[PDB]
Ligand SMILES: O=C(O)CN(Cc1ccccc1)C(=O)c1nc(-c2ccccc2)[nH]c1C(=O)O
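For reference, the chain that follows is the form solved without the named molecule, supplied as structure tokens.
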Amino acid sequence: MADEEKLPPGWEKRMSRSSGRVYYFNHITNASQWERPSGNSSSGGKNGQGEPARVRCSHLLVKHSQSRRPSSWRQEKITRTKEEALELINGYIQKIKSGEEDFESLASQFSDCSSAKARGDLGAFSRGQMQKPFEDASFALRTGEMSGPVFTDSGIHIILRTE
């Protein structure tokens, strides 16, 4: 229902008798209960809530010289410089966003991470499972959107929300 973000006439916060519990009471009708009552006026319905508890996104890991662990099935000692790093991730954004290089086949062929198994597609996860910057950017993008260069533990990652 309404977003109840106020206290109209009659409603007043009070503490329990000789106690320390705080509640809400309305003298207009002598009401008494927890949680906010109304929302100033009366009519309210500008809420939302809900949203999917999980999301399906794909990504492309491209370690660099500053990678905490420059090594994977793609290479033994990764050392992608600043330009080399973004050069890959960025270039990948162009082709993919253009529809020439499918992120799926793209990530896999360049997925420095074990994501290759799913061509970068990490699958349906829950907000708070993957890296903080990952989840945020991931959960911050729209359906079919691709994130930019994300510098995390390994290196630069590119996210692409599927659904």
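Residue indices: 1-based, along the sequence shown.
Note that the form solved in complex with the named molecule isn't included here; everything after this is about it.
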Using a 4.5 angstroms cut-off on non-hydrogen atoms, would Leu122 count as touching the named molecule in the deposited bound form? yes
Evaluate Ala137 for contact with the named molecule in the deposited bound form, applying a 4.5 angstroms cut-off between non-hydrogen atoms, and reply yes or no. no
Restricting to 92-125, the residues within 4.5 Å of the named molecule in the deposited bound form through any heavy atom are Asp112, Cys113, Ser114, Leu122
